[PDB]
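Taken in order, these protein sequences are the chains called A and B. As numbered in the UniProt record's numbering, residues 97 to 133 make up the first sequence, in order. As numbered in the UniProt record's numbering, residues 72 to 75, 81 to 138 make up the second sequence, in order. Heads up, the beta-carbon is just placed ideally off N, CA and C, and yes, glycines get one too.
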Amino acid sequence: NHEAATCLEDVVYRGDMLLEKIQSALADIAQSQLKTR
Amino acid sequence: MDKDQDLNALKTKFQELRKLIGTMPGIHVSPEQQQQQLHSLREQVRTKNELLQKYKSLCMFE
Numbered sequence: 097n098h099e100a101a102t103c104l105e106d107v108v109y110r111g112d113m114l115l116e117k118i119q120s121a122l123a124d125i126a127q128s129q130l131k132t133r
Numbered sequence: 072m073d074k075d081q082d083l084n085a086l087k088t089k090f091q092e093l094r095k096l097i098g099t100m101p102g103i104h105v106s107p108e109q110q111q112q113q114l115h116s117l118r119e120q121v122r123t124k125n126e127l128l129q130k131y132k133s134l135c136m137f138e
């Protein structure tokens with residue numbers, strides 16, 4: 097159960113890192129769009 | 072004729093038509109201000125296109 101939980105936590109951490117990177121890219125794009133207007 | 081027409085009205089109508097065509101094209105304010113605004117809009121469009129190309133081509137995720 098600990099091995100399964102560690103694998104699930106690693107997968108969830110990878111997914112959360114991907115979501116955070118996507119959110120950071122979206123925030124940068126929105127800041128650029130606001131600065132360009 | 073008077074050696075012994082409607083030029084004013086024609087010129088007024090021509091000026092009105094030219095002003096209408098300019099306001100339809102964008103000649104309604106000062107020329108320098110309009111040129112600066114057009115240059116700024118072109119620069120903004122170019123910056124937006126460059127940002128889109130930089131954010132779309134080199135995708136971080138895969």
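- The beta carbon of B:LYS132 does not come within 8 Å of any beta carbon belonging to chain A, so the residue lies off that interface.
- The closest CA to that of A:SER128, considering only B:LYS124, B:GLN91 and B:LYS87, is found on B:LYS124.
- For A:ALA121, at least one C-beta of chain B is nearer than 8 Å to its own C-beta.
- At a Cβ-Cβ threshold of 8 Å, B:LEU127 and A:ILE118 do not count as neighbours.
- Within the model, the alpha-carbon separation for B:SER116 versus A:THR132 is close to 10 Å.
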